[PDB]
Amino acid sequence: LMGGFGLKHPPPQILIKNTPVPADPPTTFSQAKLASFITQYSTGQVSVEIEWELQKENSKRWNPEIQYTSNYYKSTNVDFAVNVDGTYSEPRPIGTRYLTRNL
Amino acid sequence: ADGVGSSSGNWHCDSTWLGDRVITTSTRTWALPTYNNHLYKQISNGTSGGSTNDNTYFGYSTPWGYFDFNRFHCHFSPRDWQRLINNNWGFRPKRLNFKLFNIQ
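Residue numbers (PDB author numbering), protein chains in the order written: chain D, 635 to 737; chain M, 219 to 322.
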């Protein structure tokens, strides 16, 4: 209901964790689980690749269809670009429905 | 097979988009009058009569007519022209095919 593709077997969940590395234990045995760990984090790169199938537009319509367009008029910032401070923004929602068909 | 009661052609008008090329065919109905009563005539304009030297000419008008498709809207529709201009950096004509048929 929010949108997209319903899937019985969707892309699986990918779960990641830093393996705990404990600090030095007491040197005399204790049954209690070790609560003292070395503070750690991890970084890296993630790459994802999707292949999408397209359904081409066969329409025989004569007059030109509505398209998604960038505004021609001048502005302080480019839409879908970083600003002076360096942060990226998306100025508007872009839906997918522009070309037309007959019922 | 050429005869009075059988058509010598069909109406082919549409475009097809294949990869790096597009093929636009178009069919029209025309009417050809007799021009100049089957005569050649020389035509000219001099300076006499208030006309400028810049507009003077000499030539001939012929009984013949001519087919000209030199404008893009002949070949492309407005929807096809939109597909072209929005999706492509450039285009050039490769080849041509012409037909006259169903002549009354």
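Just so it is clear, CB atoms sit at the ideal spot from N, CA and C, and this is done for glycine as well.
Where the beta strand (DSSP E) containing residue i begins and where it ends
i: residue 731 of chain D; result: Counting along the chain, residue 731 of chain D falls outside any beta strand (DSSP E), and DSSP gives it neither H nor E.
i: residue 276 of chain M; result: 275-279
i: residue 239 of chain M; result: 239-243
i: residue 235 of chain M; result: 232-236
N- and C-terminal bounds of the alpha helix (DSSP H) containing residue i
i: residue 298 of chain M; result: 296-305
i: residue 643 of chain D; result: Counting along the chain, residue 643 of chain D falls outside any alpha helix (DSSP H), and DSSP gives it neither H nor E.
i: residue 285 of chain M; result: Careful: residue 285 of chain M lies outside any alpha helix (DSSP H) and carries neither H nor E.
i: residue 290 of chain M; result: 290-293
Residues of its chain near residue i, where Cβ-Cβ distance is below 7 Å and the 5 sequence neighbours each way are ignored
i: residue 261 of chain M; result: 277, 278 and 279
i: residue 661 of chain D; result: none
i: residue 256 of chain M; result: 281
Close Cβ partners of residue i (< 8 Å) along its chain, the five nearest in sequence each way excluded
i: residue 253 of chain M; result: 279, 280, 281, 282 and 283
i: residue 259 of chain M; result: 278 and 279
i: residue 693 of chain D; result: 699, 733, 734 and 735
i: residue 320 of chain M; result: 225, 226 and 227
Cβ neighbours of residue i in the same chain (closer than 6 Å, five flanking residues each side left out)
i: residue 736 of chain D; result: none
i: residue 668 of chain D; result: 656
Residue i Cβ short of 6 Å to the ligand SAH heavy atom set
i: residue 302 of chain M; result: This structure lacks the ligand SAH, and indeed carries no ligand of any kind.
inquiry  = Contact between the segment 235-252 of chain M and the segment 291-307 of chain M is defined here as three or more beta-carbon pairs at a separation below 8 Å; is this criterion met?
reply    = Segment contact: the segment 235-252 of chain M against the segment 291-307 of chain M, three or more CB-CB distances shorter than 8 Å; contact assigned.
request  = With 9 Å as the C-beta to C-beta threshold (strictly closer), list the residues of the segment 233-252 of chain M near chain D in chain order.
outcome  = Those would be 235, in chain order.
key: Against chain D: residues of the segment 277-291 of chain M by CB proximity under 8 Å   = Of all residues in the segment 277-291 of chain M, none has a Cβ within less than 8 Å of some Cβ in chain D.
ask   = Touch check for the segment 649-660 of chain D and the segment 671-685 of chain D: three-plus C-beta pairs under 8 Å?
value = Judged by Cβ distances under 8 Å, the segment 649-660 of chain D makes contact with the segment 671-685 of chain D, as three or more pairs qualify.
query = What residues in the segment 696-717 of chain D have a beta carbon less than 8 Å from any beta carbon of chain M?
reply = Cβ contacts with chain M: 696, 697, 698, 699 and 701.
ask   = Per the contact definition of three or more C-beta pairs closer than 8 Å, is the segment 710-726 of chain D in contact with the segment 267-281 of chain M?
value = The segment 267-281 of chain M is not in contact with the segment 710-726 of chain D.
request  = Decide yes or no for the touch test of the segment 226-234 of chain M against the segment 698-707 of chain D: beta carbon pairs closer than 8 Å, at least 3 of them.
outcome  = Fewer than three Cβ pairs drawn from the segment 226-234 of chain M and the segment 698-707 of chain D lie within less than 8 Å of each other, which leaves the two stretches out of contact.
query = Would you say the segment 289-299 of chain M touches the segment 257-277 of chain M, given that touching needs at least three Cβ pairs under 8 Å?
reply = No: fewer than three Cβ pairs fall under 8 Å.
Runs of beta strand (DSSP E) lying entirely within the segment 249-278 of chain M, each at least 3 residues, in chain order = Counting only runs of 3 or more, we get 259-263.
Chain-ordered residues of the segment 292-312 of chain M with a beta carbon less than 7 Å from chain D = Under the 7 Å Cβ criterion, the segment 292-312 of chain M contributes 295, 296, 297, 300 and 304.
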